[PDB]
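Consider the single chain below, provided in structure tokens and representing the form deposited without its partner chain.
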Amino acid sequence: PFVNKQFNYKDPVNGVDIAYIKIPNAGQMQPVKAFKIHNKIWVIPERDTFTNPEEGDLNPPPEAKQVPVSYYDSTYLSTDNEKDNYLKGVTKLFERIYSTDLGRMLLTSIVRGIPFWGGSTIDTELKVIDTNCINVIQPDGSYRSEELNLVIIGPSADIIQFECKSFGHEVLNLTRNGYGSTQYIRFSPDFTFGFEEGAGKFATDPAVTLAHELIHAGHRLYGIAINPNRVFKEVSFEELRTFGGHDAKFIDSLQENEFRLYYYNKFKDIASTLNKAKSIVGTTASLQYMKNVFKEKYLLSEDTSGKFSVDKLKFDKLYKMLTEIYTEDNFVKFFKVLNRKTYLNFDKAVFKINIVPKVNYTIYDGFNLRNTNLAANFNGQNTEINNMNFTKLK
């Protein structure tokens, strides 16, 4: 959200909000420089070779999809200057999202969405799940485990394949059992995608793209994501609800109620677990403090005795906010930008962009800069009218 510090990539490490860290992902990875831009939110200006052991190399595979479906450059985001621009780009997009009431609400929900402490085998002990933390190097070279909700990280091999990644549990389905897990969003502010509205060729505002992933992240942080195997005529349920607008109508109402009820019961389990709890692992967190943190997250009701329960009214509000109010469609309305009308894009294009310079893109106007000839008719997003801002890869 509000990012109160303007980071430069070369800013000196301080072990607090600028640090070298390691990701839970097994293997002895080299520590990477990361920046804490807000409570619970970090940015790692590196290509993601870390979250998936089968995706550790950036070269195009022999059978790669071609532009504009995929795009490959093993050297993208390999230099200090690129990483600085990436950090600054990602930060600007957070400000753009935060500048809307809707984005302010979403970013708040995200910060509150601490992944549940369901790490213990003793059903009376509260314990953090290791894969919801990062290890932060300290001055003496020791590591300090820090909980976090969200990491923005550079893309893996396919530069334009953005998505939410998270570490799984051996038995728990964290993004689908109400628990939640730290979300790693593969994202780049340095490219964007085209759509058609000889029809004009427009570019998606990167803030909409990022907001889209943040919506996925919200579902996944509250453990209410829909299994990708659930689709409607086909596109996944999870994508249709996230995109919103016209295409949401293809979601089966009954199926929608099934999941609302399902996740209702999942929240109830969480409340019972909290009630049961007697021990807690760690240091700066009292069990009372954590119970309160999760009361806050799941909007639980608490009686005089201190017992937790789920309020169906509060639950309905929260669920609707996360699944119906936070949509790409609704963000487009708040940004007042042009966006493709339907989830599936049959006229794709890919462009290199640079959002960082003020002459190019602003927190308040994106590409459609007020008091320029780019202000009207979404001229700023028109790849032919605003051609200096969009370099077509193919």
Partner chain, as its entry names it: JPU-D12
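Residue numbers count along the first chain shown, from 1.
- Notably, residue 56 is never a gap: all other compared entries of this protein, restricted to those modelling both its neighbours, have coordinates for it, so the one-third criterion is not met.
- Gaps at residue 26 occur in at least a third of the other compared entries of the protein that contain both adjacent residues.
- Unmodelled residues of the deposited sequence between neighbouring positions residue 197 and residue 198 number 10 or more.
- Counting the deposited residues that fall between residue 233 and residue 234 and carry no coordinates gives a value of 10 or more.
- In this crystal structure, the stretch out of 77 to 85 and 250 to 258 whose C-alpha atoms carry the higher mean B factor is 250 to 258.
- The PDB entry records a higher mean C-alpha B factor for 276 to 284 than for its counterpart among 276 to 284 and 148 to 156.
- The residue among 311, 239, 163, 101 whose C-alpha carries the highest B-factor in the deposited model is 311.
- Per the PDB entry, 171 shows the highest C-alpha temperature factor of the residues 185, 224, 171, 208.
- When the modelled residues of the chain are ordered by their C-alpha B factor, residue 4 lands in the highest third.
- Annotation for residue 219: C-alpha temperature factor in the lowest third relative to the rest of the modelled chain, per the entry.
- In this PDB entry, residue 122 carries a Cα temperature factor that places it within the highest third of its chain's modelled residues.
- Per-chain ranking of the deposited C-alpha B factor places residue 189 in the lowest third.
- When the modelled residues of the chain are ordered by their C-alpha B factor, residue 51 lands in the highest third.
Only in words, not in the display: the form deposited with its partner chain bound, which the text now covers.
- Residue contact check for residue 112: one or more of its heavy atoms lie within 4.5 Å of its partner chain in the deposited complex.
- Interface membership of residue 276, defined by any non-hydrogen atom within 4.5 Å of its partner chain in the deposited complex, is ruled out.
- Contact annotation: residue 286 falls within 4.5 Å of its partner chain in the deposited complex, judged by heavy atom distances.
- Contact check for residue 309: no non-hydrogen atom falls within 4.5 Å of its partner chain in the deposited complex.
- Proximity to its partner chain in the deposited complex, taken as a non-hydrogen atom within 4.5 angstroms, holds for one residue of 123, 269, 296, 73, which is 296.
- Residue in contact with its partner chain in the deposited complex (any heavy atom within 4.5 Å), chosen from 292, 265, 79, 301: 292.
- Interface residues of 33 to 61, taken as those with a heavy atom within 4.5 Å of its partner chain in the deposited complex (partner not displayed): 38, 39, 40, in sequence order.
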